[PDB]
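Next up is one chain by itself, shown in structure tokens, the form deposited in one PDB entry.
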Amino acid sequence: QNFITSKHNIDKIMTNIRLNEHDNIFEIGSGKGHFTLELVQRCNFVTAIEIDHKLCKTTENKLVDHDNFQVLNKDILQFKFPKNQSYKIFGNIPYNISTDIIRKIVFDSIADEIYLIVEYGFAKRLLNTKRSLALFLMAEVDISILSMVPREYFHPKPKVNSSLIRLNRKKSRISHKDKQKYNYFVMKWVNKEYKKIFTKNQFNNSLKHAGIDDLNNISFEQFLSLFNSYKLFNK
């Protein structure tokens, strides 16, 4: 629900999306095909993943004059993305499953660049180093809010505005080796269960060592410093 159908608005949004003629794209949710139509004209090939079969049909009808696409009536959460292919993602996604979609495409796909339209508050949370999802994502991708999408652009009109965000894949900051240890550290840190990860002395030394003077506001680099100190203290 909450589709964007004004061509005028669609163009303004596409203006911030820098996908090119040679990129293969996976669209999360096709809606009635309003963005799908733009993507196929802009990009090399588009694979739209849509759970609702009627929408798949509508999208298909809207793109009748295009050949560089396919619509798959599947569940994004169960979809298996390519493993030896360069591709990007775009998605005007539902708030209710935003968290699951993003973990799915960031942790279970190798898309090197992802463009998503999410609620304004959700987007802000993804950059908040006090939250676990943000800390897990920042180890795999860089995140940036590109523009604000007014709720008037949607229908039904949501009660809050949205944001167009971009996630860029980068070399993981956490080795596959420190996976479990990182997951534990993140959770205990966001829950402020400091005692389970640092003795009082290690805690203070780690903070000064990371240059953190205000616990209520730490950069991701500072958090990584903390995780590194955590590793050192524990063999």
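We number the residues from 1 along the sequence you see.
The same protein has a further form, the form solved in complex with a small molecule, not shown here; the description that follows concerns it.
For this chain shown on its own, do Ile17, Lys83 and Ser86 all sit within 4.5 Å of the small molecule in the deposited bound form, going by heavy atoms?
Spot residues vs the small molecule: no contact at all.
Can you check 107-115, 128-136, 144-152, 90-98 and let me know which stretch has heavy atoms within 4.5 Å of the small molecule in the deposited bound form?
In the other structure, the partner sits against 90-98.
Can you tell me whether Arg103 touches the small molecule? I mean in the deposited bound form, with a 4.5 angstroms heavy atom cut-off.
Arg103: no, not in contact with the small molecule in the deposited bound form.
Is there a non-hydrogen atom of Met187 within 4.5 angstroms of a non-hydrogen atom of the small molecule in the deposited bound form?
No - in the deposited bound form, heavy atoms of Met187 and the small molecule never come within 4.5 Å of each other.
Considering non-hydrogen atoms and a 4.5 Å limit, does the small molecule approach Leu55 in the deposited bound form?
So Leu55 counts as contacting the small molecule.
Is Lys124 one of the residues lying within 4.5 Å of the small molecule in the deposited bound form, judged by heavy atom distances?
No, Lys124 sits far enough from the small molecule in the deposited bound form that none of its heavy atoms falls within 4.5 Å.
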